[PDB]
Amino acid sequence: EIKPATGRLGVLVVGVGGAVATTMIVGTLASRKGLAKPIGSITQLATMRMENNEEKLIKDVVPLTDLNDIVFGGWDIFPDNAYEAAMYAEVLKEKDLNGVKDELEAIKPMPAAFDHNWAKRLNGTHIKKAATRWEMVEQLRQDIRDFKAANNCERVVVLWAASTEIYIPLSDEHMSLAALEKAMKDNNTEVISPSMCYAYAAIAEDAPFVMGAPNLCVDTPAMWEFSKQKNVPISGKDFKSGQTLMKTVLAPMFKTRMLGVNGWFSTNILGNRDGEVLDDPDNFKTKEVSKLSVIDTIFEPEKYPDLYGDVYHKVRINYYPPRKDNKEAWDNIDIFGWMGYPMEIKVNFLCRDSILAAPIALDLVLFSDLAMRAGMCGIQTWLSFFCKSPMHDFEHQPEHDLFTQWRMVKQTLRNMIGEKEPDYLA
C-alpha cells in the first residue's frame, strides 16, 4: 500500500549554496516550467517494461512527487541566495539562471551547523552559535519544523550535498543509538560529525536522509537502529556521477568477457569549491577510500585468482583551478587476454561534475520520499545505483555493478506494486 504524493514536499539541502545543490535546484525549476529538460534523471525520464510487457515511464508506474510540488530550502555557511550562489559556482549559463532568477533569489540558506575542523579550507560566516553537538541537533530539528510549517509541506527529505568531511573511522560511540546520543551530549567533537547532527535531526523529524558526500554518517549501527525505530529510509553514499560511474561499467565488461586486470590508475583535476576542500589530504582520504572500494566485489579475486588475483588499484585527485567545476579524469587500465597477453585502455572523461550529479541528487530525493510512503525504512539497498559507496550493514556486501544495480532499482519498483519482470531480459 503506497501513500500518495499529496501536497508539497520540502527538499531541505545541506549545502544549498553549493554547486551540485544549485544546479539541481535550477534544473528542477526550469524543467517544471518547460524551459529545460531533466536529462540524466531516472525519475523524470526512465521507462521500464511492466509485467504485461507494456513500457511505461517509472513516474507513471509509482507515485512520485511532481516537480511542481517541490519547495526547496536548506543550510549553508555562506549566506548568498540560490541565485548568487549559482552565479558563483559558474556551472550554468546566465540565460539559464535568468529564466528562474525570481524563484532562485527567494531561496535563502539558514545558518549552518558547522565545525571549521571538519572542512578547514572553508571560511564562511553564516554559521549557528551552538553549545554542543546535541544543541546542533535541537536547532536543526527546530529549522525543519519551522520550514515545514512556513511552506505548508506535507513531507520533508533532507539531502546532504555539503562538503566532504575529514576522514574518521567507525568507533564505539557509533555502535548503538544510546552511545551516539551520549557522545553528542558530551560534545565529542572527534567522533560526532556535523553531518551526523543533520542526519539525527532528519530522522527525528520523520524525514528520509540522503548522504551525497562520502562522509561517515548514516553508515553506522546507531543510525541503522534509529532509522528503523522511526520507520525512516536512509540512503548513501557519495553521488556516483563520472569517473566512478565509468569504473563500475568497465569492470563489469572485463568480468563479463573473462579478461584479466593487472592494474587500474585513476586521476582527476578539478578547481571548484569541492576541489578546494579535497586539497586537504584528510578530506581527500574520505573520497579516496570511497573511489577505491568499487571493483573488488565485481572482480571477486578469491573466485577468479587467474584474472583478478593481483590488481594494483590507485586513485588520485588533484586541485587544479583552471578546470573549475569541470572535473577532468584520466584513467589507465592494464588488462590481459588469451594466453596472458597484456593490453591497455586509456579513458579521458571531460566531466561537468555538477551537471552529472544534479539529476542523481534529485532522483535520490524523490525515490527516498517514495520509499517512505511505501513503508520502507533503514538502509535503502535498492538505491545503490546512485552511489559510489552503497551503504550496507555488517551482514551484507555492496553491489557495485551498474547494470546489476539498475536491475535492483527496477526489481524494487515492480515489487512495490506487486509485479514481476515480464521476462529475464527486461
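Heads up: residue numbers just count along the shown sequence, starting at 1.
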Comparing 53-61 with 35-43, where is the mean C-alpha B-factor higher?
53-61
Return whichever of 251-259 and 268-276 has the greater mean Cα B factor according to the PDB record.
268-276
Between 151, 354, 332, 348, where does the Cα B-factor run highest in the record?
151
Selection by C-alpha B-factor (highest) of 96, 310, 238, 328:
310
Assigned third (lowest, middle, highest) for the C-alpha B factor of residue 114
highest
Chain thirds by Cα B factor, record data; residue 242 belongs to the lowest
Report the third (lowest, middle or highest) to which the CA temperature factor of residue 74 belongs, ranking only the modelled residues of the same chain.
middle
Quick check for you: using the entry's CA B-factors within this chain, is residue 225 in the lowest, middle or highest third?
highest
Taking the chain's C-alpha temperature factors as the reference, tell me which third residue 68 falls into: lowest, middle or highest.
middle
